[PDB]
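The data below hold one chain only, encoded as structure tokens and taken in the form deposited in one PDB entry.
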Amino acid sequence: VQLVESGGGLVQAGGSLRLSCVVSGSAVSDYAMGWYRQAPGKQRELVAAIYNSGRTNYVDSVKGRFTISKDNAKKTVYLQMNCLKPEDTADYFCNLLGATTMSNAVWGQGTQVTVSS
């Protein structure tokens, strides 16, 4: 898969961002997708998942604050990020679910989110 993230930036605590992930091919239509984040001294962790049916789930720390969605026609996955806190500072990536362990996974450059206090 080919993946290009955008929308990150510097934001103030309490603010909002909308991240986009444009995917080549039909991955958005064919596979469950997720948004991941990698904090300074950590590994990539799944924070939001969207399943083929349109069902979603979230890690507890972002539930109610972040919303994952997709547009099949635009081959894009979105992460609406509200109620941002400094602890959300991280590099954000989108990918097929399982990409942290599955063979031949490919990652984009990610998009950096920095939340100031």
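In case it trips you up, residue 1 is the first one in the sequence shown, and so on. Residues that one form lacks are left out of the comparison. C-alpha atoms forming the largest set that superposes within 1.5 Å between two forms make up the rigid core.
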Residue stretch of maximal mean CA temperature factor, 24-32 vs 44-52: 24-32
Greater mean Cα temperature factor according to the PDB record, 97-105 or 10-18: 10-18
Residue, from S61, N72, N57, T89, that the PDB entry assigns the highest Cα B-factor: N72
Where the record places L84 (Cα B-factor, split into thirds across the chain): middle
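What comes next is about the form deposited in another entry, which is not displayed.
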Core-superposed comparison between the shown form and the other one: the option from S24, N104, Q109, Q12 whose CA moves 2 angstroms or more: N104
Shift in CA distance, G25 and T101, in that other deposited form relative to the form shown here, given it is 3 Å or more: closer
Pair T111/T100, Cα separation in that other deposited form versus the displayed form, closer or farther by 3 angstroms or more: farther
Mobile segments between the shown form and the other one [3+ consecutive residues, each C-alpha shifted 2 angstroms or more, core superposed]: 98-105
